[PDB]
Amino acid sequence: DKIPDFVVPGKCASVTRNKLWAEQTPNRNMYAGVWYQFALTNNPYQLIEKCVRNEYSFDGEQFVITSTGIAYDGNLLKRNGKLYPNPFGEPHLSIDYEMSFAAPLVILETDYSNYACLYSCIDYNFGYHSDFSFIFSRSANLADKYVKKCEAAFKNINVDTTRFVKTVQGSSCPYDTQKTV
């Protein structure tokens, strides 16, 4: 196997989900709003290549999401998504998008006002797993102080942080147009 670097030996790491869920739930509300995708690990499901801007609305229990940016063809693209508690009572969320599936999503760490470090992990039946990570920011850019928080977080459950690829963001993005869909 020369590929891919999102399939990884062993089973999905233990991340102390109950603890995160206990800490994050009373603040769930401050997770609402706009998050920009600062960086992610290799992801075969992402259709929005650049200017990735995620609009989160909260209904008191689940989130609805509008994701926008420029697709791989250079065109504007909008994808609807949802973020809600596991439908089986596990201490984590499901993130679900159209023309896609639903995956576990854990927030390893967030301050709500600057950054969030996201983790999705799926176990196979042959003793491997594949995971998918994200660094979210409230700005088109993220301070080194915060990038360093997610780095430690991802090192802490042995996600290889060299796997992160920076997302195009900043003044060249049509955020203003993205807002209107």
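Just count from 1 along the sequence shown to find any residue number.
The PDB entry reports B-factors from which the mean C-alpha value can be compared for 34-42 and 123-131; the larger average falls on 123-131. The question of which stretch, 110-118 or 148-156, has the higher mean Cα B factor is settled in favour of 148-156.
Going by the entry's values, 27 shows the largest Cα B-factor out of 27, 137, 57, 67. Per the PDB record, residue ranking by Cα B-factor puts residue 94 in the lowest third of the chain. Residue 142 sits in the highest third of its chain by CA B factor, as recorded in the PDB entry. When the CA B factors of the chain's modelled residues are split into thirds, the value for residue 81 lands in the lowest one. Residue 104: CA B factor lies in the lowest third for its chain, per the PDB record.
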